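Undergrad: Submitted below is the structure of interest, expressed as structure tokens.
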Amino acid sequence: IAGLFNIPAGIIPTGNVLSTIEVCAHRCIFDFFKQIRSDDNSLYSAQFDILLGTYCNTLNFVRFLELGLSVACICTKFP
Amino acid sequence: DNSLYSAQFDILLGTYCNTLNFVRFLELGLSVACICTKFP
Amino acid sequence: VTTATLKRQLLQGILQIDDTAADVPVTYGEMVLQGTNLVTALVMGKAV
Amino acid sequence: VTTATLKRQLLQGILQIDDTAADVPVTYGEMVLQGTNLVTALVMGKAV
Amino acid sequence: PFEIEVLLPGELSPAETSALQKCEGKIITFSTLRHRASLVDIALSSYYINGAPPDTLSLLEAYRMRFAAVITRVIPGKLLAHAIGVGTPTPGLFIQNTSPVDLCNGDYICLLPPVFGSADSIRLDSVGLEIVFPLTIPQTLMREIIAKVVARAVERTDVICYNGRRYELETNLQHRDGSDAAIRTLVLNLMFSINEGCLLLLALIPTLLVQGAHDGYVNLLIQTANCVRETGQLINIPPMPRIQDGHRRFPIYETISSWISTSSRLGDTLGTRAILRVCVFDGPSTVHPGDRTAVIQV
Amino acid sequence: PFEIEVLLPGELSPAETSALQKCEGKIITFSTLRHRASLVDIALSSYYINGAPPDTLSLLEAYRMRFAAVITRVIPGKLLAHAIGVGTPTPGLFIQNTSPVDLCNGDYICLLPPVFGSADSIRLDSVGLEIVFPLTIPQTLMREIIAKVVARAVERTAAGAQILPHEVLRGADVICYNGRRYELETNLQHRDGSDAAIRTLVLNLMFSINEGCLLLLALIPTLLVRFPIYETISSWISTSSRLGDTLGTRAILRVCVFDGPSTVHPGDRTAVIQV
Amino acid sequence: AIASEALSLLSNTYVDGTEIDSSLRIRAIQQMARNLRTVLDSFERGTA
Amino acid sequence: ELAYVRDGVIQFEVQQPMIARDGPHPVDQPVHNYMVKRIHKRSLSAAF
Amino acid sequence: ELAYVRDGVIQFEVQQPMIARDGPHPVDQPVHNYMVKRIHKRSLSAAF
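Protein chains in written order, with our numbering: chain A, 11 to 89; chain B, 4 to 43; chain C, 5 to 52; chain D, 5 to 52; chain E, 1137 to 1434; chain F, 235 to 509; chain G, -14 to 33; chain H, 1424 to 1471; chain I, 1424 to 1471.
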């Protein structure tokens, strides 16, 4: 049972099957066989999800010299 | 790491429908079996 | 958020008031789905 | 589709040949998603 | 670097594909090694012996015969995996812990069927098969489990303390073809550890009991043992024979050497052998169940 | 390539430095692999358990759980080493012979704690630690060496336990290899390591074997023409299996000599290939 | 750390030009930059 | 781009005509049916 | 259009800093975790 997209999903079709025959006989061919008698329900309910945005942090940095601890030692470079 | 790099999705390959035809009584050969008329 | 009793008990000598007036927005911030949102919510079933 | 033996057995006197040459398309016909299809499958995960 | 590609069956449900993606660093077995294989070999249905699901004693024999493989990154279509047994360099190999017991650095890994509670295993309804993954414990815990399983086998025809925690085993012996086979390989090792030199070592029991006291250490050796403690005060042990050619021969040399090779073969033929060594660089010293570690090929 | 650097300590006597220069191609055994390590992991101090110095039976278990390495070059202020572990492609790997037996081409290398004589080692009195190097013997001789040493110790206990000794014998034991005899432990006196490091080794060996040809004699009395009877079996299997894993034999290196002398004597250095 | 697919996408050396991986390459570069900017400040922090 | 898409779908639609008959028969109604279908995947390979 | 909303969600990401050090400790690496949460719907009513 896939039924991912809406089943009626009225949009521009890309042709037409003629086939001039009942389809109810051959039932074990399609994945889902939905048969409405005449204008039943579940044809007008538009259920959907919605995303309301995302958020993130900043993660500032810190240097050793801006710290007050740097007045406890005399640092130097030595390759 | 492979935790958020997936890009899997589903797609719809279009749709399909059909249209029926209409028949009239006079275009059939059974119309030469009787004489029909309208009486409101 | 407290009761009036605790409010008075706090405001008498415990806390100090800073202001008796404030500036409050008067907007509701409306948004409505439109554009491609409608066409992707009708045929797919999701919206952003 | 059949075996060459049955093909000859059908072509001798059972069936009649209509034509020896035919007109066949020469291109495959491709499709690639573009435009608004490259943005919806990334955020939602549904394309059309 | 040798790898084998397991072609996953099509039309798989999305739920099973996610569950298969959970099994990142587990171990699978193969009957015949090949670059391309099918899912039927990994399935438990392939372990069947006559017509039925296998036994814990039959599984121990299938583990020795079958080749070993390690799962790696799985994609939606294919299932990658590397080989272990054959000598092949593999950089950065890792295994997921499946045993309830913790592991640390420098532990040898063994491979035994699930003897504890019902094995957690992926089940496929659409395909119709299920795959059971083997269980991995260290060497010390391995030798204790085999000892109690074999003893229970002789009984028919349990509690193990590890790190101050007790466990239990639900051994399964619904078959009989494999149970008597373990009895054969057992007595054949005891029978080949008897030479002309036992008499001397069997005559040193009284001085051992004397050394047992005022030592404070041999007592623990004596308490665990049962035979020598009982025979020490019940048999006379006639004094001594002579040697056929004692002018050039050393009779106690064979027995002390004939037993060395026998004991080494005992730990492997009875169960399985060591397959891996765990040694993680820049990682924790002790791993918890469910986490992964970097291991080295033995 | 993975390499381990051992930090040389400051304020070291020049005599101890010169002696460290001598042990170029010797084997170090590391507990946990790391690019930076301290001398405490190399010294014997890291090896002993339960406070007391380590035992031969304990040393055998140490060599399995612990990872080995090989010194490459020493520096007046630094010490380097390479691993024989996971996948390292060590180039120009050479080792120094530490055993009194000679080696030839195509001989695999194993390890052994020092049993024959007193182990030589560097001793650093200033820092207060010493570093013991393992013995490197071929494979074919390893299984025979162990069986001869233990059998020698049981002979001593028998001569003491028995009221009279059964002295009549073949002479002196000797290990021959490449037409060279070793004639180990000539004298009966000087019981240096008789029961000093192989004491517990003989004990565990004297009990499992005694349980061996006794359990069978108490289970099938047909061989020679209140009681558990099963816990003894499980205990015997668990012990004999562990003892076998202890006295294992796993080669670590292979002596592959190119454009050089085939046979090599104690003290020489040869290029070896990682097995 | 760097991932296998990331390094594979980066080692292409102009063997591409499609529209899908043009985003994956950008995201891999962004992830690398995000990780490196913090690995660098790790040393400034561990000094103290 | 075929290896990325997962669970594609297709759907159809058919409406059946009806006949107007009266008497001792229950009245009829129009017909509208709705059906869908999924995908399968297979690959080819060769050596050199 | 709140009457037609089927389980909206919101997610967000946060990353931690990293400290550098040495000694007998395992080395750190930056970690990234992602969180996502759902919504809750309730109604109000009155009579007349």
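In this text, a Cβ means the ideal position worked out from N, Cα and C, and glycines have one as well.
(1) What distance in whole Å lies between the Cβ atoms of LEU418 (chain F) and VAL408 (chain F), which are believed to be in contact at a cut-off of 8 angstroms?
(2) Using a 10 Å radius around the Cβ and a threshold of 16 neighbouring Cβ atoms, would you call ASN51 (chain A) buried or exposed?
(3) Tell me which residues of the region 385 to 411 of chain F have at least one Cβ-Cβ distance to chain E shorter than 9 angstroms, keeping chain order.
(4) Measure from the alpha carbon of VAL1434 (chain E) to the alpha carbon of each residue in E:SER1235, E:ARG1413, E:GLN1275, then state which is nearest.
(5) Below 8 angstroms between beta carbons: does that hold for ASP41 (chain A) and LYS1464 (chain H)?
(6) Going by DSSP, what residue range makes up the beta strand (DSSP E) through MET1458 (chain I)?
(7) Starting from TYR342 (chain F), follow the beta strand (DSSP E) in both directions and report where the run begins and ends.
(8) How is the alpha helix (DSSP H) around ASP479 (chain F) delimited, first residue to last?
(9) Please list the residues of the region 31 to 64 of chain A that have a C-beta atom closer than 8 angstroms to any C-beta atom in chain C, keeping them in chain order.
(10) Can you tell which of F:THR322, F:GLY319, F:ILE467 has its C-alpha closest to the C-alpha of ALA1283 (chain E)?
(11) So, using beta-carbon positions, are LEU363 (chain F) and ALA277 (chain F) closer together than 8 angstroms?
(12) By the 10 Å Cβ neighbour count, where 16 or more other Cβ atoms means buried, how is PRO1190 (chain E) classified, buried or exposed?
(13) Rounded to a whole number of angstroms, what is the C-alpha to C-alpha distance between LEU453 (chain F) and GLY1407 (chain E)?
(14) Going by beta-carbon coordinates alone, are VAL308 (chain F) and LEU327 (chain F) separated by less than 8 angstroms?
(15) So, is the C-beta of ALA12 (chain A) closer than 8 angstroms to a C-beta in chain C?
(16) Sort E:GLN1275, E:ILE1258, E:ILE1330, E:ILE1273 by Cα distance to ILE1267 (chain E) and report the nearest one.
(17) Quick check: the region 237 to 246 of chain F against the region 1236 to 1253 of chain E, are at least 3 beta-carbon pairs closer than 8 angstroms?
(18) Residues of chain F with CB under 7 angstroms from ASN1241 (chain E), in chain order?
(19) Between the C-alpha atoms of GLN1380 (chain E) and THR1405 (chain E), what's the straight-line distance to the nearest angstrom?
(20) I need the DSSP call for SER355 (chain F), collapsed to helix, strand or coil.
(21) If you measure from the beta carbon of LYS1460 (chain H) to each beta carbon in chain E, is any gap under 8 angstroms?
(22) Quick one: which residues of the region -10 to 21 of chain G get their C-beta closer than 7 angstroms to a C-beta of chain D? List them in chain order.
(23) Could you give the DSSP three-state label for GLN508 (chain F): helix, strand or coil?
(24) Note down, in chain order, all residues in the region 20 to 37 of chain B with a beta-carbon under 8 angstroms from any beta-carbon belonging to chain A.
(25) Whether or not the region 1432 to 1441 of chain I and the region 6 to 25 of chain D are in contact is what I'm after, with contact meaning three or more pairs of Cβ atoms, one per stretch, closer than 8 angstroms; do they touch?
(26) For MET1376 (chain E) and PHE1166 (chain E), what's the separation of their Cα atoms in angstroms?
(27) With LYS44 (chain A) as the anchor, note down where its beta strand (DSSP E) starts and where it stops.
(28) Less than 6 angstroms between C-beta atoms, sequence neighbours within five positions excluded: which residues of the same chain meet that for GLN1434 (chain H)?
(29) Closer than 7 angstroms to a non-hydrogen atom of the ligand GDP - does that hold for the CB of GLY20 (chain A)?
(30) Residues of chain H with a CB under 8 angstroms from the CB of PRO1150 (chain E): which are they?
(31) Who are the near neighbours of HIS1455 (chain I) in its chain, counting only those whose CB is closer than 6 angstroms to its CB and skipping five residues on each side?
(32) Looking only at C-alpha atoms, which of E:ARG1292, E:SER1182, E:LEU1345 sits nearest to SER1315 (chain E)?
(33) Using only the alpha-carbon positions, how far apart do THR32 (chain G) and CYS83 (chain A) sit?
(34) Are the C-beta atoms of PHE1471 (chain I) and some chain A residue less than 8 angstroms apart?
(35) Which residues in the same chain as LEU1402 (chain E) place their Cβ atom closer than 7 angstroms to its Cβ, once the five residues preceding and following it in sequence are excluded?
(36) Whose C-beta lies closer than 6 angstroms to the C-beta of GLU245 (chain F) among residues of the same chain, with five residues either side of it excluded?
TA: On the basis of the coordinates in this document:
(1) Within the sixth sequence, residue 408 (chain F) is the residue found at index 174, counting from 1. Within the sixth sequence, residue 418 (chain F) is the residue found at index 184, counting from 1. Contact holds; Cβ gap of about 7 angstroms.
(2) Within the first sequence, the letter at position 41 stands for residue 51 (chain A). Exposed: under 16 other Cβ atoms inside 10 Å.
(3) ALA385, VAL388, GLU389, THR391, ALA392, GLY394, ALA395, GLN396, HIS400, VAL402, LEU403, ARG404, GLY405, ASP407
(4) Within the fifth sequence, residue 1434 (chain E) is the residue found at index 298, counting from 1. Looking only at E:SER1235, E:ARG1413, E:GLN1275, the smallest Cα-Cα distance to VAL1434 (chain E) is reached by E:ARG1413.
(5) The residue given as residue 41 (chain A) occupies position 31 in the first sequence. The residue given as residue 1464 (chain H) occupies position 41 in the eighth sequence. Their beta carbons are not under 8 angstroms apart, which means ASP41 (chain A) does not touch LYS1464 (chain H) by this criterion.
(6) Taking the ninth sequence and counting its residues from 1, the one referred to as residue 1458 (chain I) is at position 35. Element bounds for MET1458 (chain I): 1455 to 1461.
(7) Within the sixth sequence, numbered from 1, the residue matching residue 342 (chain F) stands at position 108. 342 to 346 is the extent of the beta strand (DSSP E) around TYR342 (chain F).
(8) Residue mapping note: residue 479 (chain F) aligns to position 245 of the sixth sequence, counting from 1. Where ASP479 (chain F) is concerned, the enclosing alpha helix (DSSP H) stretches over 465 to 480.
(9) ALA56, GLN57, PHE58, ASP59, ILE60, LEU61
(10) Residue mapping note: residue 1283 (chain E) aligns to position 147 of the fifth sequence, counting from 1. Nearest option by C-alpha distance: F:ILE467.
(11) Looking up residue 363 (chain F) in the sixth sequence gives position 129. Looking up residue 277 (chain F) in the sixth sequence gives position 43. For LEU363 (chain F) and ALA277 (chain F), yes; Cβs fall inside 8 angstroms.
(12) By 1-based counting over the fifth sequence, the position of residue 1190 (chain E) is 54. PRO1190 (chain E) should be labelled buried.
(13) As a working note, residue 453 (chain F) is residue 219 in the sixth sequence. As a working note, residue 1407 (chain E) is residue 271 in the fifth sequence. Rounded to the nearest angstrom, the two C-alpha atoms are 23 angstroms apart.
(14) Within the sixth sequence, numbered from 1, the residue matching residue 308 (chain F) stands at position 74. Within the sixth sequence, numbered from 1, the residue matching residue 327 (chain F) stands at position 93. No, Cβ-Cβ distance for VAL308 (chain F) and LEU327 (chain F) is not below 8 angstroms.
(15) Your numbering for residue 12 (chain A) matches position 2 in the first sequence. No, because no Cβ of chain C sits closer than 8 angstroms to the Cβ of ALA12 (chain A).
(16) Position 131 of the fifth sequence, counted from the first residue, corresponds to residue 1267 (chain E). Cα-wise, what sits closest to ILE1267 (chain E) is E:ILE1258.
(17) These segments do not touch.
(18) Taking the first residue of the fifth sequence as 1, we reach residue 1241 (chain E) at position 105. By Cβ distance, chain F contributes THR266.
(19) Walking along the fifth sequence from the start, residue 1380 (chain E) turns up at place 244. Walking along the fifth sequence from the start, residue 1405 (chain E) turns up at place 269. Rounded to whole angstroms, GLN1380 (chain E) to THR1405 (chain E) spans 35 angstroms at the Cα level.
(20) Stepping through the sixth sequence from its first residue, residue 355 (chain F) is reached at position 121. Note: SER355 (chain F) maps to strand in three-state DSSP.
(21) The sequence position of residue 1460 (chain H) within the eighth sequence is 37, counting from 1. Chain E contact via Cβ: absent.
(22) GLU4
(23) Here residue 508 (chain F) corresponds to residue number 274 of the sixth sequence, with the count starting at 1. It is a strand residue.
(24) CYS20, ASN21, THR22
(25) no
(26) Residue numbering aside, residue 1376 (chain E) sits at position 240 when the fifth sequence is read from its first letter. Residue numbering aside, residue 1166 (chain E) sits at position 30 when the fifth sequence is read from its first letter. Looking at the two C-alpha atoms, the distance is approximately 56 angstroms.
(27) Indexing the first sequence from 1 puts residue 44 (chain A) at position 34. Unbroken beta strand (DSSP E) run through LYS44 (chain A): 42 to 46.
(28) Here residue 1434 (chain H) refers to the residue found at position 11 when the eighth sequence is read from its first residue. Around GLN1434 (chain H): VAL1459.
(29) With respect to the ligand GDP, the structure shown offers nothing to examine, as it has no ligands at all.
(30) Here residue 1150 (chain E) refers to the residue found at position 14 when the fifth sequence is read from its first residue. Going along chain H in sequence order, the residues near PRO1150 (chain E) (Cβ under 8 angstroms) are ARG1429, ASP1430.
(31) As a first step, residue 1455 (chain I) must be located in the ninth sequence, where it is residue number 32. Cβ within range, chain order: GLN1438.
(32) As a working mapping, residue 1315 (chain E) is identified with position 179 in the fifth sequence. Measuring from the Cα of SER1315 (chain E), the nearest candidate turns out to be E:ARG1292.
(33) Translated into positions along the seventh sequence, residue 32 (chain G) becomes position 47. Translated into positions along the first sequence, residue 83 (chain A) becomes position 73. Distance between the alpha carbons of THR32 (chain G) and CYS83 (chain A) is about 12 angstroms.
(34) Position 48 of the ninth sequence holds residue 1471 (chain I). For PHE1471 (chain I), the answer is no, since every Cβ of chain A falls outside 8 angstroms of its Cβ.
(35) Your numbering for residue 1402 (chain E) matches position 266 in the fifth sequence. The residues are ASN1325.
(36) Here residue 245 (chain F) refers to the residue found at position 11 when the sixth sequence is read from its first residue. Excluding residues within five positions, none has a Cβ falling inside 6 angstroms.
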